[PDB]
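Residue numbers (the deposited numbering), protein chains in the order written: chain F, 18 to 99; chain B, 18 to 99; chain L, 18 to 99; chain S, 18 to 99.
4 protein chains.
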Amino acid sequence: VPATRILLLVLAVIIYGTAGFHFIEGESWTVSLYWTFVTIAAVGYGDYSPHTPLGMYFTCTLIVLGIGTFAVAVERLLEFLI
Amino acid sequence: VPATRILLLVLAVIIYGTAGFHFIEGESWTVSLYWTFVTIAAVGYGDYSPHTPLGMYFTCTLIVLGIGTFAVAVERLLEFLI
Amino acid sequence: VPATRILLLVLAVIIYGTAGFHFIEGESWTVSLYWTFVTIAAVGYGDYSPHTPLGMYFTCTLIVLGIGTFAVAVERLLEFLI
Amino acid sequence: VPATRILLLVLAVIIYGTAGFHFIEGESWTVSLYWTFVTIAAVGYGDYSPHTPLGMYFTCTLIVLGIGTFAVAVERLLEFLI
Ligand SMILES: [K+]
Ligand SMILES: [K+]
Ligand SMILES: [K+]
Ligand SMILES: [K+]
Ligand SMILES: [K+]
């Protein structure tokens with residue numbers, strides 16, 4: 018898969034996660050973006066996490082759609098940086 | 018391995034983890050399902066975790082059986098989504 | 018690498034991590050074993066973590082030696098289970 | 018890629034993360050180094066995390082640049098240790 022397509026795919030995941038956390042959990046856009054990276058990179062500090070049923074459901078979807086997408090994106094980035 | 022078989026395998030892991038956490042740690046079904054995804058995707062927020070010896074033992078088994086299963090499942094999903 | 022050798026290697030990492038956390042951080046053997054799995058599987062709930070300089074140094078070594086070892090072990094286990 | 022080059026690359030990431038967290042979040046050098054490993058290995062205990070907007074932005078960059086770099090480094094280390 019072309020590196021640029023992978024880039025678009027991860028950006029789409031980042032938008033999905035950021036907007037979802039912002040509207041569902043009520044955190045700021047900045048905190049939501051940060052939480053999205055922390056989540057799809059599977060770093061998960063837990064400083065932020067969903068506290069509502071809908072948030073938990075949403076997070077599971079982001080986990081399933083974002084973790085794999087992020088993994089592929091980073092490796093491809095490694096090539097263009099190495 | 019057929020994608021559908023991998024799907025069944027991860028669903029089985031999700032059931033095992035959710036039921037185990039629910040009965041051993043006493044959290045709701047929804048919270049238990051959420052914790053199971055957070056755990057097998059190795060996101061681990063820590064908002065929920067085992068507080069009993071049996072829970073800790075159980076979690077280690079879920080980690081060993083679920084993390085690898087989840088990893089294979091996500092990649093296969095990437096193919097059908099990309 | 019033979020699956021059995023990989024098994025021995027991960028068991029050695031588990032012993033190293035469990036004994037180290039127990040003696041350095043002072044947690045029980047059970048909690049230490051649990052923390053070791055949570056750490057080498059890179060789940061990291063944070064319910065337990067090092068609170069001393071030596072503990073932090075030790076944890077970094079466990080991270081470097083255990084995460085890769087655990088990853089290889091799980092995949093090999095996937096074969097014998099799938 | 019030569020193992021030694023990968024080594025230099027991960028060391029560079031470790032310096033970037035440690036210095037950044039120290040100056041941006043104000044934690045000690047030791048705690049910052051520890052947090053950097055915990056973050057790039059994607060262990061993420063959450064005992065330490067950024068509490069400022071700049072820190073969050075910085076952490077996202079470290080996540081993108083360090084997680085992949087660390088992954089490649091550990092595998093290469095596995096070869097020289099196994
Ligand atoms: K992880
Ligand atoms: K991981
Ligand atoms: K974590
Ligand atoms: K993690
Ligand atoms: K955590």
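Quick reminder that beta carbons are idealized off the backbone N, C-alpha and C, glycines included.
Alpha-carbon spacing of residue i relative to residue j, whole angstroms
| i | j | result |
| --- | --- | --- |
| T56 of chain S | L50 of chain L | 21 angstroms |
| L25 of chain B | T69 of chain B | 29 angstroms |
| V91 of chain B | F54 of chain L | 22 angstroms |
| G61 of chain S | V27 of chain L | 21 angstroms |
| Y65 of chain L | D64 of chain S | 9 angstroms |
| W46 of chain L | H39 of chain B | 25 angstroms |
| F97 of chain S | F75 of chain B | 34 angstroms |
| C77 of chain B | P67 of chain F | 24 angstroms |
| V48 of chain B | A29 of chain L | 34 angstroms |
Integer-rounded CB distance, given that residue j should sit under 8 angstroms from residue i
| i | j | result |
| --- | --- | --- |
| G43 of chain L | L79 of chain L | No, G43 of chain L and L79 of chain L are not in contact; Cβ-Cβ is about 16 angstroms, not under 8 angstroms. |
| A59 of chain L | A59 of chain S | 5 angstroms |
Beta carbon of residue i nearer than 8 angstroms to that of residue j
| i | j | result |
| --- | --- | --- |
| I41 of chain F | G72 of chain F | yes |
| residue 108 of chain S | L94 of chain F | For chain S, the structure presents residues 18 to 99; residue 108 of chain S sits outside this window and is missing. |
Buried or exposed by the 16-neighbour rule on C-beta atoms within 10 Å, applied to residue i
| i | result |
| --- | --- |
| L82 of chain L | buried |
| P19 of chain B | exposed |
| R22 of chain S | exposed |
| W52 of chain L | buried |
| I99 of chain F | exposed |
Subject >> Short-range partners of chain D found in the stretch 53-67 of chain F, where Cβ spacing is below 9 angstroms >> reply: In summary, chain D is missing from the structure at hand, where the protein chains are F, B, L and S.
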